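Undergrad: Have a peek at my_file_33.cif (mmCIF, C-alpha atoms).
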```cif
data_data
#
loop_
_atom_site.label_atom_id
_atom_site.label_comp_id
_atom_site.auth_asym_id
_atom_site.auth_seq_id
_atom_site.Cartn_x
_atom_site.Cartn_y
_atom_site.Cartn_z
CA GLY A 1 -9.32 -21.92 -6.30
CA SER A 2 -10.36 -22.13 -2.66
CA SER A 3 -12.82 -19.95 -0.73
CA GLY A 4 -11.87 -19.10 2.84
CA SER A 5 -8.35 -19.19 4.27
CA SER A 6 -6.63 -16.93 1.73
CA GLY A 7 -4.02 -15.18 3.86
CA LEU A 8 -2.35 -12.23 2.16
CA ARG A 9 0.68 -10.34 3.47
CA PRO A 10 0.10 -6.63 4.17
CA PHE A 11 1.50 -3.78 2.07
CA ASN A 12 4.04 -1.77 4.06
CA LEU A 13 6.18 0.68 2.09
CA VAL A 14 7.76 4.08 2.74
CA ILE A 15 7.82 6.58 -0.13
CA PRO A 16 10.29 9.50 -0.04
CA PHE A 17 7.78 12.35 -0.01
CA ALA A 18 7.58 15.20 2.52
CA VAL A 19 4.17 16.11 3.93
CA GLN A 20 3.43 18.95 6.34
CA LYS A 21 0.80 21.40 5.11
CA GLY A 22 -0.91 18.98 2.74
CA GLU A 23 -3.26 16.00 2.66
CA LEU A 24 -2.26 12.65 1.18
CA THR A 25 -5.03 10.50 -0.29
CA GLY A 26 -4.97 7.20 -2.16
CA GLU A 27 -7.02 4.31 -3.51
CA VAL A 28 -6.52 0.61 -4.24
CA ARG A 29 -8.10 -1.52 -6.96
CA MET A 30 -8.51 -5.27 -6.47
CA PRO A 31 -8.68 -7.75 -9.39
CA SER A 32 -11.97 -9.00 -7.95
CA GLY A 33 -13.85 -6.02 -9.35
CA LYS A 34 -13.94 -3.50 -6.50
CA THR A 35 -11.87 -0.76 -4.87
CA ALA A 36 -10.64 -0.13 -1.33
CA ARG A 37 -9.12 3.00 0.20
CA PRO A 38 -5.60 2.35 1.55
CA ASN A 39 -3.97 3.93 4.61
CA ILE A 40 -1.24 6.54 4.95
CA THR A 41 0.60 7.57 8.12
CA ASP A 42 1.99 11.08 7.66
CA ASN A 43 5.29 11.24 9.56
CA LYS A 44 5.88 14.90 8.71
CA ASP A 45 9.60 14.13 8.63
CA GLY A 46 10.14 13.83 4.89
CA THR A 47 8.58 10.45 4.13
CA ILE A 48 5.23 8.66 4.08
CA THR A 49 4.13 5.18 5.16
CA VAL A 50 1.64 3.22 3.05
CA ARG A 51 -0.42 0.47 4.68
CA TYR A 52 -2.93 -1.65 2.75
CA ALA A 53 -4.69 -4.91 3.59
CA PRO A 54 -5.38 -6.93 0.42
CA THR A 55 -8.27 -9.39 0.53
CA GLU A 56 -7.45 -11.19 -2.72
CA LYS A 57 -4.23 -12.23 -4.46
CA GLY A 58 -3.16 -10.58 -7.70
CA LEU A 59 -2.04 -7.30 -9.24
CA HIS A 60 -3.50 -4.26 -7.48
CA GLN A 61 -3.50 -0.62 -8.57
CA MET A 62 -2.55 1.95 -5.93
CA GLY A 63 -2.98 5.61 -6.84
CA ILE A 64 -1.90 8.22 -4.31
CA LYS A 65 -2.37 11.99 -4.43
CA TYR A 66 -1.17 15.17 -2.71
CA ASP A 67 -3.48 18.17 -2.35
CA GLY A 68 -4.56 17.32 -5.88
CA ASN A 69 -1.29 16.14 -7.43
CA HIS A 70 0.03 12.69 -8.32
CA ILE A 71 2.79 12.21 -5.75
CA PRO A 72 6.29 11.46 -7.11
CA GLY A 73 6.03 7.68 -7.27
CA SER A 74 2.34 6.96 -7.81
CA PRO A 75 0.50 5.17 -8.96
CA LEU A 76 2.32 1.96 -8.04
CA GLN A 77 1.85 -1.73 -8.83
CA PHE A 78 2.07 -4.38 -6.11
CA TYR A 79 1.33 -8.10 -6.43
CA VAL A 80 -0.30 -10.03 -3.58
CA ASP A 81 0.54 -13.66 -2.82
CA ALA A 82 -0.37 -16.14 -0.09
CA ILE A 83 1.38 -15.49 3.23
CA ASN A 84 4.49 -17.62 3.66
CA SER A 85 4.70 -20.15 6.49
CA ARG A 86 8.32 -19.90 7.63
CA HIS A 87 11.15 -17.44 6.98
CA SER A 88 14.74 -16.98 8.15
CA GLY A 89 15.79 -13.72 9.78
CA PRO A 90 16.57 -13.36 13.50
CA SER A 91 16.13 -10.11 15.43
CA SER A 92 18.79 -8.13 17.29
CA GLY A 93 18.90 -5.34 19.86
#
```
Mind turning this structure into structure tokens?
TA:
Amino acid sequence: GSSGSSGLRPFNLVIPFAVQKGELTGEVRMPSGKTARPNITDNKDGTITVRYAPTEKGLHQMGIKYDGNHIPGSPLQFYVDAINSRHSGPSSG
């Protein structure tokens, strides 16, 4: 296709998994032929936030772990498509 302005929406998801006295690690695999380490924001409230910035569009493989144990929900598949232009959905207070 084209080479430059790709634009790919970020990956923001919250998995129901508590985390207090443990480390949560993960990894992403792009269809290009490489791998990039995702991001996790431990809330220590009973859930975890996953943030990943895809560079290419396609099916990516995300494999998370917990102190050496496949968290309840990983790995997970997430497709990446070009960022939309417009979208309905007003905000409220």
Undergrad: Taking the file as shown, find all residues satisfying the PyMOL selection byres ((chain A and resi 64) around 8) and write them as a PDB file with C-alpha atoms, in the frame of the given file.
TA:
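Dumped everything to selection-v8.pdb:
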```
ATOM      1  CA  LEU A  24      -2.260  12.650   1.180  1.00  0.00           C
ATOM      2  CA  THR A  25      -5.030  10.500  -0.290  1.00  0.00           C
ATOM      3  CA  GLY A  26      -4.970   7.200  -2.160  1.00  0.00           C
ATOM      4  CA  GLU A  27      -7.020   4.310  -3.510  1.00  0.00           C
ATOM      5  CA  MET A  62      -2.550   1.950  -5.930  1.00  0.00           C
ATOM      6  CA  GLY A  63      -2.980   5.610  -6.840  1.00  0.00           C
ATOM      7  CA  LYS A  65      -2.370  11.990  -4.430  1.00  0.00           C
ATOM      8  CA  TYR A  66      -1.170  15.170  -2.710  1.00  0.00           C
ATOM      9  CA  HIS A  70       0.030  12.690  -8.320  1.00  0.00           C
ATOM     10  CA  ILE A  71       2.790  12.210  -5.750  1.00  0.00           C
ATOM     11  CA  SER A  74       2.340   6.960  -7.810  1.00  0.00           C
ATOM     12  CA  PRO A  75       0.500   5.170  -8.960  1.00  0.00           C
TER      13      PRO A  75
END
```
Undergrad: Would you compute the distance between atom CA of residue 56 of chain A and atom CA of residue 40 of chain A? Give it in Å to one decimal.
TA: 20.3 Å
Undergrad: On this structure, which residues satisfy the PyMOL selection byres ((chain A and resi 54) around 9), written as a PyMOL selection string?
TA: chain A and resi 8-11+28+30+36+52-53+55-57+60+80
Undergrad: Could you please determine the separation between atom CA of residue 39 of chain A and atom CA of residue 82 of chain A in Å, to one decimal place?
TA: 20.9 Å
Undergrad: Restricting the calculation to all atoms listed in the file: of A:21, A:42, A:93, A:13, which residue gets closest to residue 76 of chain A?
TA: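 Among the listed residues, A:13 lies closest to residue 76 of chain A.
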Undergrad: Rounded to one decimal place, report the atom CA of residue 35 of chain A-atom CA of residue 81 of chain A distance in Å.
TA: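 So the answer is 18.0 Å.
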Undergrad: Go through A:41, A:46, A:85, A:29 and flag the residue nearest residue 61 of chain A, using only C-alpha atoms for the distances.
TA: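 Closest to residue 61 of chain A, using only C-alpha atoms: A:29.
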Undergrad: What lies within 10 Å of residue 16 of chain A using only C-alpha atoms, ignoring chain neighbours under 6 positions off, as a ChimeraX atom specification?
TA: /A:45-49,71-73
Undergrad: Measuring atom to atom with all atoms listed in the file, identify which of A:14, A:19, A:59, A:50 is nearest to residue 31 of chain A.
TA: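 Looking only at the distances to residue 31 of chain A, the closest residue turns out to be A:59.
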Undergrad: Using all atoms listed in the file, which residue out of A:7, A:58, A:68, A:2 lies closest to residue 23 of chain A?
TA: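 Among A:7, A:58, A:68, A:2, it is A:68 that comes nearest to residue 23 of chain A.
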Undergrad: Select, from A:12, A:5, A:90, A:69, the residue with the minimum atom-to-atom distance to residue 38 of chain A, counting only C-alpha atoms.
TA: A:12
